[PDB]
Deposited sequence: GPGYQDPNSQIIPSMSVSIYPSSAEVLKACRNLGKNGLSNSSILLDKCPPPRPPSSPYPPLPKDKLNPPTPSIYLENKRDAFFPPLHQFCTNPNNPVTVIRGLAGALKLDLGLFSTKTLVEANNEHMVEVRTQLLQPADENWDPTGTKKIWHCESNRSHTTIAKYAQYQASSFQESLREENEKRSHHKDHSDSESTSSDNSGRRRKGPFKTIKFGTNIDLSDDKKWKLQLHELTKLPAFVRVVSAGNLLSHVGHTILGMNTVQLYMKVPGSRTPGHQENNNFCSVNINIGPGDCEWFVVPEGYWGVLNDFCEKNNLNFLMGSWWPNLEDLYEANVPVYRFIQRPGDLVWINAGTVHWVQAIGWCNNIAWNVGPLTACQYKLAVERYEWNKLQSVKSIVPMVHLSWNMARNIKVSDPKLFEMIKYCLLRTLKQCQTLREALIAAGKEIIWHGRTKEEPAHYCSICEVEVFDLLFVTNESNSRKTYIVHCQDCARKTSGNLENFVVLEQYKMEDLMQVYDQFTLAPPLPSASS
C-alpha cells in the first residue's frame, strides 16, 4: 500500500506559496462524446439477445452472482424474469385501484403524446419518420388519471393519430402516505434496494427525487419514455406492476456519442430534448439495439450509461428508481457526465463533489482503482477550495462562517446551475432575506468584478475537510 497522493498539509502549503515545483497538472482534458466503438459490429450482430436471469425461488434472488452479472459492463441491460413471483411481492399494493384508495388527490405529471405505430415515430401529419417525440406537460391527480386509464381500457374493449396521456413521475417518497408500498420493496435483495449501504445514492445525505426515492408511472398503450441516459449515468431499476407489458429498446453506453450526433443532425438536444430513435437509422450506422418485452413482475436493470427508451404495449403501472454500485466503472461514468454537464450547462442532479466527500467519510474502499478515482476527486476539490480561500483573503474579502444543518442539500448556482461546494457567493440582499440564493464564483464576478455586491459563506471547516482527506486511505480486503 504505497500512497501516491500528497498530504493535506502539503496541499495547503502549496496553496499559500503564490518559483516552486508543482503538486499536480491542474489543466485536464475536457470531456467529449466518444467516437463509434472499435471494433465495429457487422450487420448480423446488431440485434443481440437480452441478458436474462430466470428466477424460480426466493433463494435464487439472493444468489451473489446475480449482482456481478447485472453490473458486468458487457451487459448493457439485464431482465430478471419472475422477480416478483420468486419473492412473493404483492404487486397489488401498486395497482391503480390501491393507489386511488391510498391518495386519490396525489399529483401526477401528465405527458400528452401521439399514439405511434409499433417502434416508429412519425411527424404529426403521418408523412415521414422523425426523431422528435411530442410529449407535452400538464398536471392532474391520481384519481383523475386513474379514471382516464380505466375508461381508456373500456373503449378498447368495445372496439392522423390518436392522442394519449401518460401519467408520469409520481412521487412515492412520503413514507406516511405510502408506508405499505415502500415496505414491500424492502423484500428485494440489497443490490437493487432503494436504500442500501452498497448504494452510492444512499450516501448523498439527502433526498434526490426519483433517484434515491421511488417514482411511479401509470400507462396506457403507446405511453412512451423517450431516449435518455440516466442522470449522471447511474444504474436504474424498473419493475412492471402490470397487468400489461412494456417494450424496451437499449443501446450500449459506448454508443452514446453516435446517438448524440444523430440528435444534433436532427436538430435535437441529446441530454435535454425529447427524441425517439429511428431504428433504420441505427441499423444503417452499425449501432446494436437490444429489444425485449418486460412482463408484469419482471425487473429490468439498466446498467451505467445505457441509452434506452420504453413504451407500454398494454395498460400497466411501473415503479423505478436509481442505484449506484460501489464500483470504479460506476464512479467514473458519473464523474465524466458530471464534467460533461458543466460544459453543456445542464444541471447535474447528483452533486458528485458533495457525494465524493460523503463517500470518503463513510465508506472503506478496498478496490485500488475506485479508491484512486475518489481520492483524486478529493485532491482536486480540496486544492480548488484552498486556492479560492487564499485568493479571497489576499483580496481583503471576508469569509462568513455559515456552516450547515443536518441533511442540508448541496447548493447549485442560480444562474448556470453548476454545483457550488463549500464556498457560497450570495448577494447582500439574498443574505439578509435569508433566501441565500447561491452563485458560483464565475457568475458572481460577472455582475460584480470586485464582488462588492457579494458575501461569501463557508460551509465546512477547512480543517474538517483536510482531516477527511487524510483519513481516506486504501482499505484492506
query	finding
Sequence ranges absent from the coordinates, based on the deposited chain and numbered from 1	1-15, 34-38, 180-207, 526-531
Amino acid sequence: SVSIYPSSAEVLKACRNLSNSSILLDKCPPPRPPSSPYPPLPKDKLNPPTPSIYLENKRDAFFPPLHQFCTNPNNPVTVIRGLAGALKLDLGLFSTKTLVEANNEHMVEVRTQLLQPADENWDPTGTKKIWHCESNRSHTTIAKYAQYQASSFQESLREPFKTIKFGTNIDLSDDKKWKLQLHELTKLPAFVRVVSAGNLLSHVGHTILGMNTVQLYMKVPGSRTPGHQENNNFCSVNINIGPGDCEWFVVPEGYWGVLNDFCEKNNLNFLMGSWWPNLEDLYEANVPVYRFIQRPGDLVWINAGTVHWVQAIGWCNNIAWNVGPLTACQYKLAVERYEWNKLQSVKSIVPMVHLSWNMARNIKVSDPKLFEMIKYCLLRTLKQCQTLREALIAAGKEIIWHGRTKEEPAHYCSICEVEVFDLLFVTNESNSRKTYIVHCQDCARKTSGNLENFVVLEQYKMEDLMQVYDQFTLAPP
From here on, numbers count along this sequence of modelled residues.
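For clarity, a rigid core is taken as the largest C-alpha set superposing within 1.5 Å between two forms.
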query	finding
Greater Cα displacement in 4 other deposited structures of this protein once the core is superposed, comparing 407-415 with 427-435	427-435
Farther-lying stretch by C-alpha RMS in 4 other deposited structures of this protein (rigid core fit) among 298-306, 398-406	398-406
Unmodelled residue 15 in at least one third of other entries with both flanks present	no
Coordinates lacking for residue 159, a third or more of other entries	yes
Entry-level comparison of average CA B-factors, 171-179 and 316-324, reporting the higher stretch	171-179
34-42 set against 423-431, stretch whose average Cα temperature factor tops the other in the entry	423-431
From 311, 125, 212, 140, residue of greatest CA B-factor	125
Per the PDB entry, maximal CA B factor within 78, 356, 306, 267	267
CA B-factor ranking of residue 459, expressed as a third of its chain	middle
CA B-factor placement of residue 53, once the chain's modelled residues are sorted into thirds	middle
Within-chain third of residue 206 by Cα B-factor, per the entry	middle
Record-listed C-alpha B factor of residue 280: chain third	highest
Record-listed C-alpha B factor of residue 437: chain third	highest
